[PDB]
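In: any chance you could fold what I've pasted below:
(2 chains)
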Amino acid sequence: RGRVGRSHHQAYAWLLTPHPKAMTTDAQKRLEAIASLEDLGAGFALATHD
Amino acid sequence: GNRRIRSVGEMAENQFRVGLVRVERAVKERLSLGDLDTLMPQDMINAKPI
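Out: Numbering: from 1, shown residues only, chains lettered A, B, ... in the order given. Sure, the structure comes next:
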């Protein structure tokens, strides 16, 4: 997510995944982890969650 | 008339099916994972649940 943006323009991000049951629970909870926390300045929050 | 003999073939077949539900689930997971082009049905099925 970090290399897009960098500018005034809105940057769309597309996380292509397999089917939601087909994705493993680790990949899933990582995905709603990154999806829940889309905020500018949220990196250290994500690092503390790591 | 209301009580039924469940012998060794039927109980073992039910247990085998209860096992088979797990391995089809794992096969369905990994088969839904992509790039199937070089894959063989020894790594999708796993004999340990059966």
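In: for chain B, what's the nearest residue on chain A?
Out: Going by C-beta to the nearest C-beta, chain B is nearest to residue A:22 of chain A, at 3.7 Å. From N, CA and C alone the C-beta is placed, and that goes for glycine too.
In: now for that residue: which residues touch it?
Out: If a contact means C-beta atoms under 8 Å, 6 or more residues apart in numbering or on different chains, then residue A:22 has B:28, B:29, B:32, B:33 as its contacts.
In: return only those of those residues found close to chain A.
Out: B:28, B:29, B:32, B:33 (C-beta under 8 Å from any C-beta of the partner chain).
In: pull out the buried positions in whichever strand or helix holds residue B:21.
Out: For residue B:21, the host element (DSSP states H and E) is helix B:8-32. By 16 or more other C-beta atoms under 10 Å in any protein chain shown, the buried positions in helix B:8-32 come out as B:23, B:27, B:29, B:30.
In: give me the phi and psi angles of the closest residue to the second one other than its chain neighbours.
Out: The one in question is residue B:27. Take residue B:27 and drop its neighbours on the chain: the residue closest to it by C-beta to C-beta, 6 or more residues apart in numbering or on different chains is residue B:44, 4.7 Å away. Phi and psi for residue B:44, reported as degrees, to the nearest 10, are phi -70, psi -40.
In: how about the residues of chain B near chain A?
Out: Residues of chain B lying near chain A (C-beta under 8 Å from any C-beta): B:28, B:29, B:32, B:33, B:34.
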